[PDB]
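The structure appears right after this line, and notes come after that.
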Amino acid sequence: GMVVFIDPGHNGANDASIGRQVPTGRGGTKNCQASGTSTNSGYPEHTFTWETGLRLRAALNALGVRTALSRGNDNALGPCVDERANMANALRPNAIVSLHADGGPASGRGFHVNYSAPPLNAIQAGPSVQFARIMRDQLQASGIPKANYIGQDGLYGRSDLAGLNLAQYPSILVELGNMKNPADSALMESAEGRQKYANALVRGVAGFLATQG
Ligand SMILES: [Cl-]
Ligand SMILES: [Cl-]
Ligand SMILES: [Cl-]
Ligand SMILES: [Cl-]
Ligand SMILES: [Pt+2]
Ligand SMILES: [Pt+2]
Ligand SMILES: [Pt+2]
Ligand SMILES: [Zn+2]
């Protein structure tokens, strides 16, 4: 009955086409994709989101939740941000979760959950805000601190992310940590750390799904 769309942020590989302009959902355009960041050791964001995304997929499949991925590999060109949102909407999912990692100041540590604000539809106004709050409480529960450098108590309501703007179904974009920070990068570079993030993500997704039914 349940369908969740998981979006491991960024592509396995990029070419010049990532510079092509795509609609933002509020007028104007932005680049199709961004390369993403990396840890000081060179562990790329695209691989972190992909590996953590697979763990989240495994956890949701254990609950009998049908999952869809925004991309099927971590080594080739992937879809633009507008295509990912249109792909997700076409599935009429119960929840959409995008996974990212940030590139912030070295002392900046912790997570932030991004959601579309001001809202462009009733789903963005209510259910997506409830989903963001639930997810923020779950990451804090896995021992991931609320970001000390961005957002408000681990939340960031914002208008500039095309994927969030274009969503017709509950959708959030989770920045799991700062790849440039020693504590967050040590978690990201470890299979146990990636599993810890996936456990928080499944708890947030399940918690939200349990309120909508
Ligand atoms: Cl509406
Ligand atoms: Cl709050
Ligand atoms: Cl975007
Ligand atoms: Cl986006
Ligand atoms: Pt189910
Ligand atoms: Pt697609
Ligand atoms: Pt974006
Ligand atoms: Zn990113």
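For reference, positions follow the sequence shown, starting with 1.
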Without swapping roles, check the side chain of [X] against the backbone of [Y] for a donor-acceptor pair under 3.5 Å.
| X | Y | result |
| --- | --- | --- |
| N199 | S142 | no |
| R158 | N114 | no |
| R26 | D160 | no |
| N178 | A106 | no |
| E45 | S38 | no |
| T37 | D102 | no |
| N121 | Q168 | no |
| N148 | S107 | yes |
| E51 | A191 | no |
| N75 | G12 | no |

Let me check something: do [X] and [Y] share a hydrophobic cluster, defined by ILVMFWY side-chain heavy atoms less than 4.5 Å apart, either directly or through other members?
| X | Y | value |
| --- | --- | --- |
| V4 | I134 | yes |
| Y115 | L120 | no |
| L155 | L164 | no |
| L161 | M135 | no |
| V81 | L166 | no |

Any side-chain heavy atom of [X] sitting closer than 4.5 Å to one from [Y]?
| X | Y | result |
| --- | --- | --- |
| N11 | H46 | no |
| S98 | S171 | no |
| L201 | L176 | yes |
| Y197 | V174 | no |
| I123 | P170 | yes |
| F111 | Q140 | yes |
| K180 | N40 | yes |
| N31 | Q21 | yes |

Discussion item. Parallel, tilted or perpendicular, judged at 30° and 60°: which one describes the rings of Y156 and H112?
Written reply: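 If you compare the ring of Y156 with that of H112, the planes turn out tilted.
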
Minimum heavy-atom distance [X]-[Y], with the two atoms named:
| X | Y | answer |
| --- | --- | --- |
| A200 | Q138 | O-CB, 3.6 Å |
| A122 | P127 | O-CD, 3.6 Å |
| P105 | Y149 | CD-CD1, 3.9 Å |
| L56 | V202 | CD1-N, 3.5 Å |
| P8 | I6 | CD-O, 3.3 Å |
| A101 | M188 | CB-CE, 3.9 Å |

Fill in: Over 12 foreign heavy atoms within 6.0 Å of CD, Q212
yes

Worksheet item: In terms of heavy-atom contacts, does CZ of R133 have more than 12 from other residues, nucleotides or ligands at under 6.0 Å?
Response: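 Check fails, neighbour count at 12 or below.
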
Quick one: [atom1] on [X] to [atom2] on [Y], what's the gap to the nearest 0.5 Å?
| X | Y | atom1 | atom2 | result |
| --- | --- | --- | --- | --- |
| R109 | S185 | CZ | OG | 10.5 Å |
| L173 | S128 | CG | OG | 12.0 Å |
| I96 | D7 | CD1 | CG | 9.5 Å |
| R20 | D15 | CZ | CG | 10.5 Å |
| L63 | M2 | CG | CE | 7.0 Å |
| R71 | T49 | CZ | OG1 | 4.5 Å |

Worksheet item: How about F5 and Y169: are their ring centroids closer than 6.0 Å?
Response: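 Not close enough - the centres of the two rings lie 6.0 Å or further apart.
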
Worksheet item: side-chain contact (heavy atoms from CB on, under 4.5 Å) between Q33 and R84: does it pass, once the steps are laid out?
Response: CA-CA 11 Å; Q33 261 302 343; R84 295 184 191 209; 3.4 Å; yes

Item to complete: Might you work through the side-chain contact (heavy atoms from CB on, under 4.5 Å) test for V205 and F131, ending with a clear yes or no?
Response: CA-CA 8 Å; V205 176; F131 185 18; 4.1 Å; yes

Discussion item. Determine whether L69 and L54 satisfy the following criterion, side-chain contact (heavy atoms from CB on, under 4.5 Å), listing intermediate values before the conclusion.
Written reply: CA-CA 9 Å; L69 294 175; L54 293 184; 4.2 Å; yes

